[PDB]
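Letter by letter, the sequence shown follows residues 15 to 104 in this note's numbering. What follows is a set of notes on a single structure, which appears directly below.
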Amino acid sequence: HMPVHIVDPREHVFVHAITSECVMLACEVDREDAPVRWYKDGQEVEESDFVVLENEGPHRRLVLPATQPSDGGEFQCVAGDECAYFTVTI
Numbered sequence: 015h016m017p018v019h020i021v022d023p024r025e026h027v028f029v030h031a032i033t034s035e036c037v038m039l040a041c042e043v044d045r046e047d048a049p050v051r052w053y054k055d056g057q058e059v060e061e062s063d064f065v066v067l068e069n070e071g072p073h074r075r076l077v078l079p080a081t082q083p084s085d086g087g088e089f090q091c092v093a094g095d096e097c098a099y100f101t102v103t104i
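Structure follows, in structure tokens:
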């Protein structure tokens with residue numbers, strides 16, 4: 015069994031956002047066995063009324079309808095061995 019390597023995205027992800035914008039992040043892994051967890055500046059993103067985590071096999075999503083200055087940080091999608099980095103700027 016091979017550990018895990020995130021196939022998408024393969025770069026530093028700069029997101030420009032505003033308070034009246036909707037930031038829908040996406041991270042796809044190689045193996046359906048090992049899904050990523052989304053982290054809000056290390057805190058880890060939890061399921062809330064306005065913070066929704068959409069998941070379907072290898073595909074992992076973070077949907078934020080009204081992207082607040084509160085949500086203006088770096089989101090780290092941790093598979094285990096490998097992690098992709100998303101810098102959101104309000």
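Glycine included, every Cβ here is placed at the ideal spot set by N, Cα and C.
Opposing strand residues paired with residue i [DSSP bridges]
| i | result |
| --- | --- |
| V37 | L78 |
| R51 | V92 |
| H30 | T103 |
| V66 | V77 |
| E42 | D22, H73 |
Short Cβ contact (7 Å threshold) for residue i with residue j
| i | j | result |
| --- | --- | --- |
| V102 | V37 | yes |
| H15 | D44 | no |
| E88 | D55 | yes |
Alpha carbon of residue i to alpha carbon of residue j, nearest angstrom
| i | j | result |
| --- | --- | --- |
| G71 | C41 | 11 Å |
| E35 | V21 | 27 Å |
| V27 | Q82 | 18 Å |
| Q90 | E46 | 19 Å |
| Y53 | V59 | 5 Å |
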